[PDB]
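Colleague: Quick one: this structure, given as structure tokens, is what I'll be asking you about.
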Amino acid sequence: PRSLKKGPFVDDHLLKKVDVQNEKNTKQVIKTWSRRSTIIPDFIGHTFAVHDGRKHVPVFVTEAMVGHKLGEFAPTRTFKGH
Amino acid sequence: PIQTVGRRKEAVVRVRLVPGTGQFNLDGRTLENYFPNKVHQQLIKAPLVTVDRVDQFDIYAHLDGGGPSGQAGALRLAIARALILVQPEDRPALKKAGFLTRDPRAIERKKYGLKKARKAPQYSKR
Amino acid sequence: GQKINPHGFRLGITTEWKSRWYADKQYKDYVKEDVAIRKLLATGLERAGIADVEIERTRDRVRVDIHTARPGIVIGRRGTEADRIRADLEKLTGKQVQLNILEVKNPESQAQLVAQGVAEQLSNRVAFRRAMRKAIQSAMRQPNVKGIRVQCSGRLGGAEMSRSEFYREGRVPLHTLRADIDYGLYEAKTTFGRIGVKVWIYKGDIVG
Amino acid sequence: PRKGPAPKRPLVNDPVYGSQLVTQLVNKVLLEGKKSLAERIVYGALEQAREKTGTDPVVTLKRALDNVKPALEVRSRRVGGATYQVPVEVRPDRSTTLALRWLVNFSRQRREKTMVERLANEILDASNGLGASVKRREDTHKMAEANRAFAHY
Amino acid sequence: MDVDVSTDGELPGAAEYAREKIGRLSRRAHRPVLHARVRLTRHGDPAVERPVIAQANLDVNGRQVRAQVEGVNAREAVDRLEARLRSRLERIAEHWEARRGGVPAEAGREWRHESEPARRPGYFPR
Amino acid sequence: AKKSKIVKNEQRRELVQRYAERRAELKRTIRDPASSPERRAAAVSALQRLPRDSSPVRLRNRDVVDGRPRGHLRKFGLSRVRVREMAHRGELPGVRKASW
Amino acid sequence: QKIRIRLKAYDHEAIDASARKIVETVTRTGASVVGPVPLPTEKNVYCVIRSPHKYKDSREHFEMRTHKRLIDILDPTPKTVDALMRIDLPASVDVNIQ
RNA sequence: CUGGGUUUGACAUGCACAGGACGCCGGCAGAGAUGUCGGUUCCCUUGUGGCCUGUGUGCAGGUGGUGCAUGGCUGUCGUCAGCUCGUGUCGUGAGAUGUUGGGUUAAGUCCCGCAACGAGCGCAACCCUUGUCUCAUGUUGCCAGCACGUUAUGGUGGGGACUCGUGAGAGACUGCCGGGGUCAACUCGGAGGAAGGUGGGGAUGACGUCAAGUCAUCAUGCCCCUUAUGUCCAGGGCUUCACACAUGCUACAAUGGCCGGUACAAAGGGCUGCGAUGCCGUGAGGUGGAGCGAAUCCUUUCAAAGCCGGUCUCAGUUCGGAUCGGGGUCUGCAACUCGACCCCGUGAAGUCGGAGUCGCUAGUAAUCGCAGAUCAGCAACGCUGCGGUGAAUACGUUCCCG
């Protein structure tokens, strides 16, 4: 994982997006493209449309998944079996 | 004084022989602190045994390169050369024993395409 | 892959390096500017037979010596060719770049010139047997040449099948290290493709 | 070996026992080039045998060798496009080699919790003629005798 | 018998046909087959009169049997490969029925390489 | 290889010398000492705003003429294919075939 | 005060020629020398694959060998110095003056 | 691959019209490409040159196709000893002879014969390294004899003595002796020598074969795309897994595991790199920077197997380490897909492996560690080298392969 001195990494785009999103206490779906951004306690209620490679899958954040990345919740490869 | 050298597969031995007792001085350590292996000691003292001049030469030696076995072999060649320098007329006895011959056996160079000098990669026909 | 390049086989024994300088930090850029110089001289001059190009460097000044069979063609009577090459060698960031144009004593005894002539004849209309025979006879007519082998391969005569042909005269001991074999390779531009011509010339041996 | 026999390696006499055969034994028990460990194992086994019997270890070791040394051994021979088990006389050097190899292996499959004790026990039982190497010599002699019909070629 | 087919490019149905045709050769082999591989390739150049190339490899109890054929389509290549493999397996048999005519016979009539040499007395017959 | 990619490698190098020389190095000096106040400084965030091409981590040692991206040698800046051909022609001073 | 004269060249005969010519000129100017003390040869080895494609098992080895000679003088009279900076040498050999 | 842009284009050079800016430096929007806004603005010299703008126009650009159109490079039979030519002779001719026969050799190597006489490419030699010695040679390398040393040692003044480093040279040539030999090649043994019979190992690969491999190092004929198969960007993929094959590493243990002490290498690398002493962590590591372009400093003064001592006592174990949970370090804009390493915990299969099959003849196999290239980091157990310890066996060509 990322070293502690650098702190968590979040892209500026969705950062400013969630800051303007929570300033008026209304949480609409946010369409995003940085799967590498960590979950911050400022996302607890916001619903992210994180990219997959083809489309965007809704991700509704909770307290449990804080500290992970938006990428773990958009599974890329699809496998159904042989 | 007299000084000769012995070389055995990357081990170099400088020997300084004086006519004292059978004290073995190898870089300030004795024959027991050094070379703690009886076979190595016998290999060391074989020229003295065949020349029967055991315990009448104080030996000072400089050791560098190689491992214990190579150092022992180079040291034995060194005492053989020193003895041939001290008393020439014993050359038959040492030479027929082979102690006057430098051993030209070195690590074979590793070759490309082979894992080792001669070991070849496993080949599957199927 | 049958035969190694004869020049590289005897690089430290008989033949000599074509570039002479020393660099420790600036080896890479020295090589870059050297290959730029060589390619620029290659494209710029093609009428006169360019046999060899030497490069010498010492700090700011750069000394380039080249051998041609027709020095007058590459040199300007008022220096026009000299002016052009000097200016476009300054453009190569060589700082002070200085040239010695030279001329080879025996054009037919030099492998590169022989290959260039054979390929030039091959390009327009000439049958390859004529070219090889003429080159071989002209080379053996020279006094110091002890043996020449000429070989070019490709779609010879515009045929659909690639072929390899070669003739030899005298002695060509490629395996002998002290023997000096002058090696020349140059590619013939034909309407049906590319024909590559190799020439080996053996002139005695040098014992150092 | 297509162009003739190859020369043999003249290995040296042992320093602390002065016999050729103990050196042959240490080279037989040698693994991965760890010669020091091999000599330690062999010397420990010889000293254990000396302690148990009370006499020289070399003499009892030689007795074990003669007890396990084979004389008739069987090799497959193809004569006239057919293969059979033909009993063949064994040269002294090969008999010694086979005896030592049998001793070392059958000691390696003993159950005395340590290689030194296994080897000492195997040499002692071969000296008294009860070891598994002695048995193996019995079976190889039995097989050589049972195929005596093919000894003519 | 199980066969794995490693085709390339475009050869629809070639894998199944090759599998079914080759798997029928197990009974012809007189020893168990440990592995069996088939490869189908096509020549890119339209100038080739027989573009499709089929290769096979069978491990007949350690004995390697292989063949290679050319055809104008997958079916013809597979069939010719089957024919060649059958011929090779016939020539490999090595069981007794396949080597009964080569074993030396009679006592003095006929000679072969492995024929039993005649026994000769020490003295000339006279 | 491809002319566009040969060129783009050079463009990265001129970008690197322009930016990584001081801009993308002072921020690293800020982040090194835990004593230095990095968190409010946003030296991480400021250095994110810089172009990716500033970072030398995006560079690629290609053959100086050929453009070959693999089998490169740092001593000569040349591909393994080109080094073999020019050494054989006696173009690199003090280079020859080996034996030992 | 003495200064170190350091030679590094890829060619043995060239650096030996320069060393002897340099001791000749400094002895002409009347200076005490130590002689061309030999130094260990530096060997840089590279291994390359012959073929452009595949065929990894076939490799070709190259080296570059650098020879070093050490020249040390004494009594640095200005005439020897002025001679030292007025020497022409083959481009292959470099000189380090310290 | 999905999506977002772009077209004389991401990049060249030439014909034109208009210029004084191109170009940067910051703001905003955007995932970015990019777009927009704010600030700075060419030197020639009167004809225009350098820059770009657009408008264009030739054109660029293709890791697009065909290695059965090719060059170049390479593998392979095979480092096997063979492949040919000139003249002559025989035959209607394809062709033969020479190149076959006897002997001999690693060898078409050589000798004797011979309708053949010679020659060329091959063999061998010339090149490198290694094993012995002589002369030269003393720093950053040695230190035997001398002095200063303080524990820290060639550390220091000094010295060529011995190594060592690198230059030159000598030395193996059946040179000599004895015996077989056609008195010929050649062969067996002995002396001398460091080395004896191409000393050991390299580099070197004949004519050709297999339309062998490579239009993806590069070049290239022909065909095809050209508002795209060119070109820019973000994300993803090349890491997907019911299986099959192949090359390796680690094991299944006592010839061993763990703990403590302790001895010996070679080779190589290092400038925006190696990085020491010290301090802080348990440990990856962090801070810090001595000295080094390096026979000097750093890679520790360099190793591990080894030796000594203690413990474990034959068990799925103090074996084995996979898998998994938690916690961290470093590189990098960024370790989710998808890095390495560290700590604690977890503790799978595995009891020496069927048919079958592989490598190796001596410093070899086996085993142990070290280094380098690529490289910000690493999937490295891979590859290329280096040294340490170091065996067994070869009766002999009937069988298998070439």
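Identifiers for the structure tokens are assigned positionally: chains receive A, B, ... in sequence, residues are indexed from 1 per chain, and ligands are indexed from 1 in the order shown.
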Produce a table with one row for each residue of chain F that has an atom at most 6 Å from any atom of chain H, each row naming the nearest atom pair and its distance in Å at one decimal; use only C-alpha atoms (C1' of nucleotides); arrange rows by chain and rising residue number; format as JSON lines.

Modeller:
```
{"residue": "F:4", "atom": "CA", "partner": "H:10", "partner_atom": "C1'", "distance": 5.2}
{"residue": "F:48", "atom": "CA", "partner": "H:333", "partner_atom": "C1'", "distance": 5.5}
{"residue": "F:57", "atom": "CA", "partner": "H:376", "partner_atom": "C1'", "distance": 5.8}
{"residue": "F:99", "atom": "CA", "partner": "H:128", "partner_atom": "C1'", "distance": 4.6}
{"residue": "F:100", "atom": "CA", "partner": "H:129", "partner_atom": "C1'", "distance": 3.7}
```

Colleague: Write out as a PyMOL selection string each polymer residue whose atoms come within 9 Å of residue E:51, counting only C-alpha atoms (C1' of nucleotides); drop sequence neighbours fewer than 5 positions from it.

Modeller: chain E and resi 41-46+70-73

Colleague: Up to 10 Å from chain A, what residues of chain H turn up? Count only C-alpha atoms (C1' of nucleotides) and give them as a list in words.

Modeller: residues 1, 2, 3, 30, 31, 234, 235, 236, 237, 240, 241, 242, 328, 329, 330, 334, 335, 336 and 337 of chain H

Colleague: Kindly assemble as a tab-separated table a list of the chain B residues that lie within 10 Å of chain H, each paired with its nearest atom pair and their distance in Å to one decimal, using only C-alpha atoms (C1' of nucleotides), sorted first by chain and then by ascending residue number.

Modeller:
```
residue	atom	partner	partner_atom	distance
B:1	CA	H:144	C1'	8.4
B:2	CA	H:162	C1'	8.9
B:3	CA	H:162	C1'	6.0
B:4	CA	H:162	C1'	7.2
B:5	CA	H:163	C1'	7.8
B:9	CA	H:363	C1'	9.0
B:10	CA	H:266	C1'	7.5
B:11	CA	H:265	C1'	8.5
B:12	CA	H:163	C1'	7.8
B:13	CA	H:163	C1'	8.2
B:14	CA	H:163	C1'	6.8
B:15	CA	H:162	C1'	8.3
B:16	CA	H:162	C1'	8.6
B:33	CA	H:263	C1'	8.9
B:34	CA	H:263	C1'	7.5
B:35	CA	H:263	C1'	8.7
B:36	CA	H:307	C1'	6.8
B:37	CA	H:307	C1'	8.5
B:62	CA	H:163	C1'	9.0
B:63	CA	H:264	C1'	9.2
B:64	CA	H:264	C1'	8.3
B:65	CA	H:265	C1'	5.6
B:66	CA	H:265	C1'	4.8
B:67	CA	H:264	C1'	5.1
B:68	CA	H:264	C1'	5.8
B:69	CA	H:389	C1'	8.0
B:70	CA	H:388	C1'	9.3
B:71	CA	H:264	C1'	8.5
B:100	CA	H:194	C1'	8.4
B:101	CA	H:194	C1'	6.1
B:102	CA	H:194	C1'	6.1
B:103	CA	H:131	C1'	7.5
B:104	CA	H:131	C1'	4.9
B:105	CA	H:363	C1'	5.6
B:106	CA	H:363	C1'	6.2
B:107	CA	H:363	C1'	6.3
B:108	CA	H:201	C1'	6.9
B:109	CA	H:201	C1'	7.2
B:110	CA	H:385	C1'	6.9
B:111	CA	H:384	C1'	8.9
B:112	CA	H:384	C1'	7.1
B:113	CA	H:383	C1'	9.1
B:115	CA	H:383	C1'	9.5
B:117	CA	H:364	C1'	8.4
B:118	CA	H:360	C1'	7.2
B:119	CA	H:359	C1'	5.9
B:120	CA	H:359	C1'	5.9
B:121	CA	H:359	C1'	7.5
B:122	CA	H:358	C1'	5.7
B:123	CA	H:358	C1'	6.6
B:124	CA	H:246	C1'	7.6
B:125	CA	H:357	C1'	9.1
B:126	CA	H:245	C1'	9.1
```

Colleague: Could you save those same residues with N, CA and C atoms as a compact mmCIF listing (two decimals), in the first residue's frame?

Modeller:
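Saved the output as selection-v5.txt:
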```
# COMPACT_ATOMS: atom_id res chain seq x y z
N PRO B 1 68.20 -15.14 2.72
CA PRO B 1 67.08 -16.08 2.85
C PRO B 1 66.64 -16.63 1.51
N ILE B 2 65.66 -17.53 1.53
CA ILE B 2 65.09 -18.10 0.32
C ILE B 2 63.57 -18.00 0.38
N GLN B 3 62.96 -17.75 -0.77
CA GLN B 3 61.52 -17.56 -0.85
C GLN B 3 61.02 -18.11 -2.18
N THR B 4 60.00 -18.97 -2.12
CA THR B 4 59.38 -19.50 -3.32
C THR B 4 57.87 -19.30 -3.22
N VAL B 5 57.17 -19.66 -4.29
CA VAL B 5 55.73 -19.48 -4.35
C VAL B 5 55.06 -20.77 -4.81
N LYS B 9 45.03 -23.29 -8.53
CA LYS B 9 43.68 -22.88 -8.90
C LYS B 9 43.22 -21.67 -8.08
N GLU B 10 43.89 -20.54 -8.34
CA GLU B 10 43.57 -19.21 -7.82
C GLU B 10 44.04 -19.01 -6.39
N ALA B 11 44.79 -19.95 -5.82
CA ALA B 11 45.37 -19.79 -4.50
C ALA B 11 46.87 -19.56 -4.66
N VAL B 12 47.37 -18.51 -4.03
CA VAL B 12 48.78 -18.13 -4.11
C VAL B 12 49.38 -18.22 -2.72
N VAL B 13 50.52 -18.90 -2.61
CA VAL B 13 51.18 -19.10 -1.33
C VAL B 13 52.63 -18.64 -1.45
N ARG B 14 53.02 -17.70 -0.59
CA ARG B 14 54.41 -17.30 -0.44
C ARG B 14 54.97 -17.95 0.81
N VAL B 15 56.13 -18.58 0.69
CA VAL B 15 56.71 -19.36 1.78
C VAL B 15 58.09 -18.81 2.10
N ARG B 16 58.40 -18.73 3.39
CA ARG B 16 59.70 -18.31 3.88
C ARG B 16 60.21 -19.37 4.84
N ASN B 33 45.27 -23.96 14.22
CA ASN B 33 44.31 -22.87 14.06
C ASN B 33 43.92 -22.70 12.60
N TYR B 34 44.90 -22.75 11.71
CA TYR B 34 44.63 -22.93 10.29
C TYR B 34 44.38 -24.40 10.00
N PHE B 35 43.92 -24.68 8.78
CA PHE B 35 43.80 -26.02 8.22
C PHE B 35 43.33 -27.07 9.24
N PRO B 36 42.13 -26.91 9.81
CA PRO B 36 41.65 -27.90 10.78
C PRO B 36 41.07 -29.14 10.11
N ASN B 37 41.90 -29.78 9.28
CA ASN B 37 41.49 -30.98 8.54
C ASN B 37 42.72 -31.86 8.36
N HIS B 62 52.60 -16.94 3.51
CA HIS B 62 51.59 -15.95 3.21
C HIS B 62 50.54 -16.57 2.30
N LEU B 63 49.28 -16.50 2.72
CA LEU B 63 48.19 -17.19 2.05
C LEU B 63 47.18 -16.17 1.55
N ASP B 64 46.79 -16.28 0.28
CA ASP B 64 45.75 -15.42 -0.26
C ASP B 64 45.18 -16.05 -1.52
N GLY B 65 43.86 -15.99 -1.65
CA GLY B 65 43.18 -16.53 -2.82
C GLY B 65 42.77 -17.97 -2.65
N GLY B 66 41.67 -18.33 -3.30
CA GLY B 66 41.18 -19.69 -3.25
C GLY B 66 40.60 -20.06 -1.90
N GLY B 67 40.37 -21.36 -1.74
CA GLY B 67 39.83 -21.89 -0.51
C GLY B 67 40.85 -22.71 0.25
N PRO B 68 40.42 -23.35 1.34
CA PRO B 68 41.37 -24.13 2.14
C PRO B 68 42.08 -25.22 1.36
N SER B 69 41.39 -25.91 0.47
CA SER B 69 42.03 -27.00 -0.28
C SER B 69 43.05 -26.45 -1.28
N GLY B 70 42.67 -25.41 -2.02
CA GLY B 70 43.61 -24.80 -2.93
C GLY B 70 44.80 -24.19 -2.21
N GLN B 71 44.55 -23.56 -1.06
CA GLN B 71 45.64 -23.02 -0.27
C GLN B 71 46.58 -24.12 0.18
N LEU B 100 56.74 -31.55 -7.50
CA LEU B 100 57.35 -30.45 -8.22
C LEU B 100 56.52 -29.98 -9.41
N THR B 101 55.33 -30.53 -9.60
CA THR B 101 54.49 -30.21 -10.75
C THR B 101 53.35 -29.31 -10.33
N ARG B 102 53.24 -28.15 -10.97
CA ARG B 102 52.08 -27.29 -10.77
C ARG B 102 50.86 -27.94 -11.40
N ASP B 103 49.75 -27.97 -10.67
CA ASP B 103 48.55 -28.62 -11.17
C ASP B 103 47.77 -27.65 -12.05
N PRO B 104 47.69 -27.89 -13.36
CA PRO B 104 46.99 -26.98 -14.27
C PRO B 104 45.52 -27.31 -14.43
N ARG B 105 44.81 -27.44 -13.31
CA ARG B 105 43.38 -27.72 -13.30
C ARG B 105 42.67 -26.50 -12.74
N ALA B 106 41.98 -25.76 -13.60
CA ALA B 106 41.27 -24.55 -13.20
C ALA B 106 39.79 -24.70 -13.51
N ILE B 107 39.00 -23.80 -12.93
CA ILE B 107 37.56 -23.80 -13.17
C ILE B 107 37.30 -23.56 -14.65
N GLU B 108 36.61 -24.49 -15.29
CA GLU B 108 36.29 -24.35 -16.70
C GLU B 108 35.30 -23.21 -16.91
N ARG B 109 35.51 -22.44 -17.97
CA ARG B 109 34.66 -21.29 -18.24
C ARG B 109 33.24 -21.74 -18.57
N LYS B 110 32.27 -21.04 -17.99
CA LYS B 110 30.87 -21.27 -18.31
C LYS B 110 30.59 -20.87 -19.76
N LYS B 111 29.80 -21.68 -20.45
CA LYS B 111 29.52 -21.50 -21.87
C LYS B 111 28.06 -21.13 -22.08
N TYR B 112 27.82 -20.21 -23.01
CA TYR B 112 26.47 -19.76 -23.29
C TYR B 112 25.67 -20.89 -23.93
N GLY B 113 24.39 -20.97 -23.57
CA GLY B 113 23.53 -22.04 -24.00
C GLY B 113 23.52 -23.24 -23.08
N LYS B 115 23.78 -24.58 -18.93
CA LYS B 115 23.60 -24.11 -17.56
C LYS B 115 24.93 -24.00 -16.84
N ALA B 117 29.43 -25.41 -17.07
CA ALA B 117 30.52 -25.56 -18.03
C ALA B 117 30.22 -26.65 -19.05
N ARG B 118 29.68 -27.78 -18.60
CA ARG B 118 29.29 -28.86 -19.50
C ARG B 118 27.83 -29.26 -19.39
N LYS B 119 27.17 -28.98 -18.27
CA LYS B 119 25.76 -29.34 -18.12
C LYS B 119 24.92 -28.65 -19.19
N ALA B 120 24.10 -29.43 -19.87
CA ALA B 120 23.25 -28.91 -20.92
C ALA B 120 21.80 -28.84 -20.45
N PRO B 121 21.01 -27.90 -20.99
CA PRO B 121 19.61 -27.82 -20.57
C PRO B 121 18.86 -29.08 -20.95
N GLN B 122 17.88 -29.44 -20.12
CA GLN B 122 17.09 -30.62 -20.40
C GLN B 122 16.32 -30.44 -21.70
N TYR B 123 16.38 -31.46 -22.55
CA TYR B 123 15.75 -31.43 -23.86
C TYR B 123 14.65 -32.48 -23.90
N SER B 124 13.46 -32.07 -24.32
CA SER B 124 12.31 -32.96 -24.43
C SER B 124 12.04 -33.22 -25.90
N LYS B 125 12.05 -34.50 -26.29
CA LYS B 125 11.74 -34.86 -27.67
C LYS B 125 10.24 -34.79 -27.94
N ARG B 126 9.43 -35.19 -26.97
CA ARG B 126 7.98 -35.21 -27.13
C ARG B 126 7.39 -33.80 -27.03
```

Colleague: Mind listing the alpha helix (DSSP H) residues of stretch 19-126 of chain D, per DSSP on the backbone, as an MDAnalysis selection string?

Modeller: chainID D and resid 20:29 35:53 57:68 92:108 115:126

Colleague: Hey, can you spit out that residue selection with C-alpha atoms as a compact mmCIF listing (two decimals), in the first residue's frame?

Modeller:
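The result, written out as result-v1.txt:
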```txt
# COMPACT_ATOMS: atom_id res chain seq x y z
CA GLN D 20 43.52 -47.75 0.46
CA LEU D 21 40.14 -49.32 1.21
CA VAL D 22 39.01 -46.79 3.82
CA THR D 23 39.63 -44.02 1.29
CA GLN D 24 37.59 -45.97 -1.25
CA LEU D 25 34.86 -46.23 1.40
CA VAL D 26 34.83 -42.50 2.14
CA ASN D 27 34.58 -41.78 -1.58
CA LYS D 28 31.68 -44.24 -1.82
CA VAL D 29 29.81 -42.59 1.07
CA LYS D 35 34.27 -34.77 1.98
CA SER D 36 34.83 -33.69 5.60
CA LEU D 37 31.44 -35.04 6.68
CA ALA D 38 32.09 -38.29 4.78
CA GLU D 39 35.41 -38.85 6.55
CA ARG D 40 33.81 -37.99 9.89
CA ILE D 41 31.08 -40.58 9.29
CA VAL D 42 33.53 -43.27 8.22
CA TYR D 43 35.92 -42.63 11.11
CA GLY D 44 33.05 -42.66 13.60
CA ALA D 45 31.81 -45.97 12.22
CA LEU D 46 35.29 -47.50 12.39
CA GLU D 47 35.77 -46.31 15.97
CA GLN D 48 32.36 -47.68 16.93
CA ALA D 49 33.33 -51.05 15.46
CA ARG D 50 36.64 -50.94 17.33
CA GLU D 51 34.83 -50.17 20.58
CA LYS D 52 32.28 -52.96 20.09
CA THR D 53 34.67 -55.73 19.02
CA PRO D 57 38.76 -51.76 12.68
CA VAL D 58 40.62 -52.33 9.42
CA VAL D 59 40.88 -56.10 9.89
CA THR D 60 37.17 -56.52 10.64
CA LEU D 61 36.31 -54.19 7.75
CA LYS D 62 38.40 -56.37 5.43
CA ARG D 63 36.64 -59.44 6.82
CA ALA D 64 33.30 -57.81 6.01
CA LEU D 65 34.50 -57.08 2.48
CA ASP D 66 35.56 -60.68 1.86
CA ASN D 67 32.22 -61.81 3.29
CA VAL D 68 30.30 -59.58 0.85
CA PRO D 92 38.83 -58.23 -8.30
CA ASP D 93 38.44 -54.46 -8.68
CA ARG D 94 34.79 -54.73 -9.69
CA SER D 95 34.11 -57.16 -6.84
CA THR D 96 35.57 -54.67 -4.35
CA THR D 97 33.54 -51.85 -5.91
CA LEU D 98 30.31 -53.85 -5.73
CA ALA D 99 30.98 -54.92 -2.15
CA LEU D 100 31.60 -51.35 -0.99
CA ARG D 101 28.57 -50.01 -2.85
CA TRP D 102 26.34 -52.70 -1.34
CA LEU D 103 27.69 -51.98 2.14
CA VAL D 104 27.12 -48.24 1.84
CA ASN D 105 23.61 -48.51 0.40
CA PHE D 106 22.34 -51.22 2.73
CA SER D 107 23.69 -49.17 5.62
CA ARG D 108 21.76 -46.19 4.25
CA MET D 115 24.40 -42.91 9.49
CA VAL D 116 27.44 -43.67 11.64
CA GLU D 117 25.66 -46.28 13.76
CA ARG D 118 23.96 -47.78 10.70
CA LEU D 119 27.31 -48.16 8.96
CA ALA D 120 29.01 -49.61 12.04
CA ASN D 121 26.23 -52.16 12.52
CA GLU D 122 26.28 -53.11 8.84
CA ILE D 123 30.04 -53.69 8.85
CA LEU D 124 29.80 -55.71 12.06
CA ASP D 125 27.01 -57.95 10.75
CA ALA D 126 28.87 -58.41 7.46
```

Colleague: Identify all residues of chain A in strand (DSSP E) (DSSP on the backbone) and supply them as a ChimeraX atom specification.

Modeller: /A:30-31,47-51,56-60

Colleague: Atom CA of residue F:96 to atom CA of residue G:50: how many Å, to one decimal?

Modeller: 14.5 Å

Colleague: Within 12 Å of residue F:69, counting only C-alpha atoms (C1' of nucleotides), which residues qualify if same-chain residues fewer than 5 places away don't, as a PyMOL selection string?

Modeller: (chain F and resi 1-2+5-6+9+59-64+77-81) or (chain H and resi 217+374)

Colleague: Output the contact residues of chain G with respect to chain F at a cut-off of 8 Å, based on only C-alpha atoms, as a VMD selection string.

Modeller: chain G and resid 10 to 11 48 to 52 60 to 65

Colleague: The selected residues should be written to file as a CSV table (one decimal), in the first residue's frame (atoms: C-alpha atoms).

Modeller:
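For reference, again07.csv as written:
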```
chain,number,residue,atom,x,y,z
G,10,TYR,CA,42.7,1.6,-25.5
G,11,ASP,CA,45.8,0.7,-27.4
G,48,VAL,CA,25.0,-9.8,-27.1
G,49,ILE,CA,22.7,-12.1,-29.1
G,50,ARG,CA,23.9,-12.7,-32.7
G,51,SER,CA,20.5,-13.0,-34.4
G,52,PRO,CA,17.9,-10.3,-34.7
G,60,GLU,CA,28.8,-13.0,-28.9
G,61,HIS,CA,31.1,-11.4,-26.4
G,62,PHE,CA,33.0,-8.1,-26.6
G,63,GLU,CA,35.3,-6.2,-24.3
G,64,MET,CA,36.9,-2.8,-24.2
G,65,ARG,CA,40.3,-2.7,-22.6
```

Colleague: Separation of atom CA of residue C:64 and atom CA of residue C:21, in Å?

Modeller: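 These atoms are spaced 11.7 Å apart.
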
Colleague: Write out as a list in words each polymer residue whose atoms come within 8 Å of residue F:58, counting only C-alpha atoms (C1' of nucleotides); drop sequence neighbours fewer than 5 positions from it.

Modeller: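 Close residues of residue F:58: residues 12, 52 and 53 of chain F.
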
Colleague: Quick one: write out the picked residues with N, CA and C atoms as a short mmCIF file (atom, residue, chain, number, x, y, z; two decimals), in the first residue's frame?

Modeller:
```cif
data_model
loop_
_atom_site.label_atom_id
_atom_site.label_comp_id
_atom_site.auth_asym_id
_atom_site.auth_seq_id
_atom_site.Cartn_x
_atom_site.Cartn_y
_atom_site.Cartn_z
N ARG F 12 9.73 14.12 -24.76
CA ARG F 12 9.74 13.85 -23.33
C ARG F 12 11.03 14.33 -22.69
N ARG F 52 2.52 14.76 -16.68
CA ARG F 52 3.14 13.46 -16.49
C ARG F 52 4.49 13.39 -17.18
N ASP F 53 4.61 14.00 -18.36
CA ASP F 53 5.83 13.96 -19.14
C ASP F 53 7.00 14.65 -18.46
#
```

Colleague: When you draw a straight line from atom CA of residue F:27 to atom CA of residue F:41, how long is it in Å?

Modeller: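 So the answer is 9.7 Å.
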
Colleague: Please report as a list in words which residues of chain G come no farther than 8 Å from chain B, using only C-alpha atoms.

Modeller: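 On the chain G side, the interface is residues 56, 57, 58 and 59 of chain G.
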
Colleague: Residues of chain D near chain E: apply a cut-off of 9 Å, count only C-alpha atoms, and supply the list as a ChimeraX atom specification.

Modeller: /D:78-82

Colleague: Could those selected residues go to a file with C-alpha atoms, as a PDB file, in the first residue's frame?

Modeller:
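The file below, result03.pdb, is the result:
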```
ATOM      1  CA  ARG D  78      22.879 -60.795 -27.018  1.00  0.00           C
ATOM      2  CA  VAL D  79      24.394 -63.599 -29.109  1.00  0.00           C
ATOM      3  CA  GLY D  80      22.782 -64.486 -32.428  1.00  0.00           C
ATOM      4  CA  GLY D  81      19.902 -62.055 -31.962  1.00  0.00           C
ATOM      5  CA  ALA D  82      18.717 -63.387 -28.605  1.00  0.00           C
TER       6      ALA D  82
END
```

Colleague: Could you pull the residues within 10 Å of residue H:322, counting only C-alpha atoms (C1' of nucleotides), minus those fewer than 6 positions along the same chain, as a VMD selection string?

Modeller: chain H and resid 347 to 349

Colleague: For residue G:78, which residue among G:98, G:44, G:66, G:29 is the nearest when counting only C-alpha atoms?

Modeller: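 Closest to residue G:78 of all the choices is G:29.
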
Colleague: Based on only C-alpha atoms (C1' of nucleotides), which of the residues in chain H come within 7 Å of chain G? I want them as JSON, numbers by chain.

Modeller: {"H": [73, 74, 75, 137, 138, 139, 165, 166, 214, 217, 295, 384]}
